[PDB]
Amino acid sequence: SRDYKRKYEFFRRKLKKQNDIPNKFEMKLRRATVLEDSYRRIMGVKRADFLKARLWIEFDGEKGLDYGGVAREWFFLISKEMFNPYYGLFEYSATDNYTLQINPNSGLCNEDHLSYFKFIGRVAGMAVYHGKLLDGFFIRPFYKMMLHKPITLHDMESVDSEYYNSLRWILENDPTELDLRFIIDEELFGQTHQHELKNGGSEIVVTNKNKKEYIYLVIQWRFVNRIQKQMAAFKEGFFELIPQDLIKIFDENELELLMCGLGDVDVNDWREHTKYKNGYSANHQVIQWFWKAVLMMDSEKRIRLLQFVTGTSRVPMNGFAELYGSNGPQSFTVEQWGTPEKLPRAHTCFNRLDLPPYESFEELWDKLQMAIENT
């Protein structure tokens, strides 16, 4: 079979070029109004195919700049706008999570929310088509709905561990004596909201014979049922840029890496293929502070750290042992450099992180995170 790298090349080779399109797609935007200006332009074009042309974006009438770099800035700027929870379209999947899901109440304040989601889909399809990344990460059920993959109980674990444990208990044991009913209770605004799960659900006891249906219905209620129109509108915009049978060569994890440049960063594999300079070592106390700092960093900041030291967002295939610099192969390297009062600097070409010798873990935490907040 094909690994992710071979799948991506296979994918790009089928994404054949349009020639019935204007060769440039021009859009002029003002930074203060980048979302409305982008929405009116992208939702206004004749054919979605116009968005496949080379992007020529101009911000605030700033003339004579690289049309490739400003495109990358636009994708970042429009991502922070589209995925802002204050707009009511997307929301955080949980108070303790940073992953996003579609807000079920998206329509309450946005009567026109369905065209907004189609716009977000077009932008997402544009990022994939033009080889650019979106800034934002969604729950795994989001990527699976894009691929028409069924939402399973395992997907609940990555979002809510305590309810996943409860549903896994139900699956593994006879739940009849608990007298569970085909209803769902949700805690919103200090009040219980009961929702039967099928007609007459309050009178239907969850037994061994119907629990698979029960779990399925709970899964749909949590991730699918209240967002089907928003997701359909998003997919409609996305498939206007990427044919939906082409996207299906990827699984959910590959798709997230392709769209948003994100995934799990095995901190171990990072550790074993790390080299040290000028007195540092694996057992050195600053180094073991560095590694537990990275351990307790969220999955996004682990990525932003690698970008800071490498200069790229992706992890190389087969792990960190095949990591490359600018003049050939080079593993990840931490060097003693400087004095405790300075912030770490990274050298792009040699994948080297010049780390000052910090006198405390909490100091290493802050002085390291402040050097990455500007990436």
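For every residue, the number given is its place in the sequence shown, counted from 1. By rigid core we mean the largest C-alpha set that fits within 1.5 Å across both forms.
**Student:** Figure out for me whether 338-346 or 302-310 is the more displaced stretch in 4 other deposited structures of this protein, taking RMS C-alpha distance from the shown form once the rigid core is superposed.
**Tutor:** Higher average C-alpha offset in 4 other deposited structures of this protein goes to 338-346.
**Student:** If you line up the core and then measure how far each C-alpha sits from this form in 4 other deposited structures of this protein, which stretch comes out higher, 229-237 or 255-263?
**Tutor:** Farther from the shown form on average in 4 other deposited structures of this protein: 255-263.
**Student:** Taking the mean of the C-alpha B-factors per stretch from the entry, tell me the winner out of 153-161 and 97-105.
**Tutor:** The stretch with the larger average C-alpha B-factor is 153-161.
**Student:** Select between 200-208 and 230-238 the stretch whose C-alpha atoms have the higher average B-factor in the entry.
**Tutor:** Stretch with the higher mean C-alpha B-factor: 200-208.
**Student:** When the CA B-factors of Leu188, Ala124, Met145, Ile215 are compared as recorded in the entry, which is the largest?
**Tutor:** That would be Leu188.
**Student:** Looking at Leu35, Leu51, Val334, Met317, which has the biggest Cα B factor in the entry?
**Tutor:** Spelled out: the listed residue with the top C-alpha B-factor is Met317.
**Student:** Based on the entry's values, in what third of the chain does the Cα temperature factor of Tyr39 lie: lowest, middle or highest?
**Tutor:** Tercile = lowest for this residue's CA B-factor.
**Student:** Could you place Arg181 in the lowest, middle or highest third of its chain by Cα temperature factor, using the values in the record?
**Tutor:** Lowest third, going by the recorded CA B-factors of the chain.
**Student:** Taking the entry's C-alpha B-factors for this chain, is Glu81 in the lowest, middle or highest third?
**Tutor:** Within its chain, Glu81 is a lowest-third residue by C-alpha B-factor, going by the deposited values.
**Student:** Quick one: classify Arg72 as lowest, middle or highest third of the chain based on its Cα B-factor.
**Tutor:** It falls in the middle third of the chain.
**Student:** Among the chain's modelled residues, which third holds the C-alpha B-factor of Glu252?
**Tutor:** Bottom third by C-alpha B-factor.
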